Amino acid sequence: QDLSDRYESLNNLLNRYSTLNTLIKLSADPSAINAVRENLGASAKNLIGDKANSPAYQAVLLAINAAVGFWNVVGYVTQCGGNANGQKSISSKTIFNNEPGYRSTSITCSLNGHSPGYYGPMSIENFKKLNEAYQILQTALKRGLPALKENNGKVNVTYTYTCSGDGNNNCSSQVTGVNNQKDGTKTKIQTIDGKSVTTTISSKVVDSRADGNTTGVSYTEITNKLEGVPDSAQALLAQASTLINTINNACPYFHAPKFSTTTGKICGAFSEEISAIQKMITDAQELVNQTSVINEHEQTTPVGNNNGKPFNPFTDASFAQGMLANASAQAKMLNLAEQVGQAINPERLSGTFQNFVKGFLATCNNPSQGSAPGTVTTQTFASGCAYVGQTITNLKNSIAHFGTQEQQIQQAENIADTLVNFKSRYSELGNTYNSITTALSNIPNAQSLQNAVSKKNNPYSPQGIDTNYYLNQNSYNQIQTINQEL
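Taking the entry's author numbering, I'd label the letters of the sequence shown as residues 27 to 282, 291 to 402, 410 to 527.
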């Protein structure tokens with residue numbers, strides 16, 4: 027029906043006009059602009075300062091927890107071994123402590139006679155990288171991640187591994203840097219995400235014939251102590267990225291609710307899962323990058339002239355570019371947070387990926410009130426043990442409860458946009474008036490509805506707003522009825 031598409035289009039334009047009219051009025055009133063600025067500063071505080079209630083916080087935590095939890099699921103089946111520099115070995119057993127091994131709190135790398143590499147055992151050089159990122163993330167998680175505003179917190183992280191078997195060179199002087207492998211230390215300054223961290227490495231050899239040594243073989247124990255490791259969102263996301271990308275780059279052989295595939299290469303059988311976790315990390319990294327835009331454009335100073343001069347939007351609005359940047363960056367943090375959520379939420383997935391997330395990644399086999414984050418037990422293997430299911434919930438609920446601020450963010454965006462482009466938006470209001478005036482002349486027997494909009498010149502405006510635009514409410518209500526009837 028022609029006449030019905032007419033009335034619909036007219037109703038929609040009248041609504042548009044009315045909203046644009048209001049936006050122009052708001053943008054010329056410092057008391058309204060100040061209330062919206064105050065709201066914008068308070069939402070920024072919430073996003074960057076809060077934890078439980080911040081979708082930004084929840085999204086970062088979720089990206090990190092997914093990467094740790096992915097390793098706790100698949101680590102026990104992933105093959106590793108060999109000697110230094112990625113060389114095959116004859117009899118090298120290298121054990122990494124506080125790792126989610128098969129019925130163990132260590133992972134044993136003991137694949138002899140095959141060269142490490144793609145579709146083979148992970149090299150010890152790569153396992154070391156993976157294990158250091160893992161231990162940093164688990165220590166940080168156990169203690170609790172700080173609010174996004176707190177970018178200078180520090181944590182100390184200690185871990186140990188052992189080497190046994192004839193010819194194992196993975197704990198030798200040359201590899202570790204100690205003066206003496208039997209009883210030795212080395213301290214250095216290590217760079218972690220651009221920060222200087224003090225690293226202490228210690229080496230000792232435990233003889234098969236030493237007291238308390240119930241293994242009956244002799245072995246080297248390496249301890250690594252990192253002091254002052256950054257625990258910012260940015261830094262922890264970089265560790266998560268190293269964890270996942272090391273797994274992907276090494277693409278190791280594995281052999282094993292059950293997995294869809296029980297032998298293969300990790301980057302093949304778990305490619306869908308890796309894909310999601312890389313995207314989650316990357317979106318969280320971009321979310322955290324918005325923080326500096328928000329922090330650069332503070333909303334604390336009231337606007338308008340403080341001496342007597344009426345506010346002129348054409349000339350008194352140089353704050354608006356900062357306000358638009360702030361509001362847009364908050365909008366973007368919200369959108370990205372939701373994208374991190376949607377990548378992993380089992381409600382949105384199907385097939386083997388849904389099963390991987392519900393039956394493995396989002397559960398914890400640890401005995402209990411649940412175990413604390415960052416805990417590795419002899420049962421961890423095959424389950425995420427990283428609060429993944431609860432963090433998915435907490436991210437959903439923080440986004441739904443951020444609706445108040447989400448509206449305030451949009452209001453600030455619209456108003457700062459209008460200010461930045463005031464001449465052009467004021468001109469669009471007039472062009473929307475012209476389009477309406479045209480549509481009204483092309484509806485039949487509508488002689489009485491021609492007043493639906495009107496305007497008046499005001500050459501005296503102290504604000505340069507020389508045309509006042511009006512909506513006749515009776516004509517509008519009549520038009521709204523006709524349109525409902527079709």
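Heads up, the beta-carbon is just placed ideally off N, CA and C, and yes, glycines get one too.
query	result
Apart from the five residues on each side of it in sequence, which residues of its chain come closer than 6 Å, Cβ to Cβ, to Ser53?	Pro347, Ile456, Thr459, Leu460
On the criterion of 16 or more Cβ atoms from any shown chain inside 10 Å, does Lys292 qualify as buried, or is it exposed?	exposed
Classify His331: buried if its beta carbon has 16 or more other beta carbons within 10 angstroms, exposed otherwise.	buried
Compute the distance between the beta-carbons of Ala266 and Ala93, then report whether it is under 8 Å.	yes
Quick check on the DSSP output: the beta strand (DSSP E) that includes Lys175 runs from which residue to which?	Taken as a continuous stretch (DSSP letters only), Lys175 belongs to no beta strand (DSSP E), as it is neither H nor E.
If we define contact as Cβ-Cβ less than 8 Å, is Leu29 a contact residue for chain C?	Note that chain C does not occur in the displayed structure, where there is just one protein chain.
Kindly indicate the opening and closing residues of the alpha helix (DSSP H) around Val201.	199 to 202
Please name the residue in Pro336, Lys221, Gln488 whose C-alpha comes closest to that of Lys180.	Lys221
Please list, in chain order, all residues of the same chain as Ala453 whose beta carbon is under 6 Å from its beta carbon, the five residues on each side excluded.	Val62, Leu66, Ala361
Would you call the CB atoms of residue 288 and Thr184 closer than 8 Å?	No coordinates exist for residue 288 in the structure shown, because the numbering of the chain passes directly from 282 to 291.
In whole angstroms, what separates the C-alpha of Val204 from that of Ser229?	7 Å
With the cut-off set at 8 Å, would you say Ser495 and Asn483 are in Cβ contact?	no
Less than 8 Å between the C-beta atoms of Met148 and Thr202, yes or no?	no
Out of curiosity, what's the CA-to-CA distance linking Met357 and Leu370?	20 Å
Looking at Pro81 and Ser326, is the spacing between their C-beta atoms short of 8 Å?	no
What is the rounded straight-line gap between the Cα of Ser69 and the Cα of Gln355?	18 Å
Near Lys208, which residues of its chain fall below 6 Å by C-beta distance, leaving aside the five closest residues on each side in sequence?	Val231
Our contact map puts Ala85 next to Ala427 with C-beta atoms below 8 Å; I'd like the distance itself, whole angstroms only.	In fact, because the Cβ distance is near 15 Å, the residues do not count as touching under 8 Å.
Here's a check: name, in chain order, each residue in its chain whose Cβ is nearer than 8 Å to the Cβ of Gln521, leaving out the five neighbours to either side.	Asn37
Assuming the contact rule is C-beta atoms closer than 8 Å, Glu125 and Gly95 should be a hit. Round their C-beta distance to whole Å, please.	Not confirmed; about 14 Å, so no contact.
Mapping DSSP to helix, strand and coil, what is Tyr160?	helix
Could you name the residues that DSSP lists as bridge partners for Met148?	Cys106
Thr349 to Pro503, Cα distance in whole Å?	12 Å
Below 8 Å, how does it come out for the stretch 40 to 59 and the stretch 309 to 316: are there three or more Cβ pairs, yes or no?	no
Alpha carbon to alpha carbon, how far is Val429 from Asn91? Give it in angstroms, no decimals.	6 Å
Specify the secondary structure class of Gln216 as computed by DSSP and reduced to three states.	strand
Does the stretch 371 to 388 come into contact with the stretch 299 to 310, if we say contact requires no fewer than three beta-carbon pairs (one atom in each stretch) closer than 8 Å?	yes
So what's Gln113 in DSSP terms, helix, strand or just coil?	strand
Buried or exposed for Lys464, please, with buried defined as at least 16 other CB atoms from any protein chain shown within 10 angstroms of its CB.	exposed
So the candidates are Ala264, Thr225, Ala259, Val255; which of them puts its Cα closest to the Cα of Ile248?	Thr225
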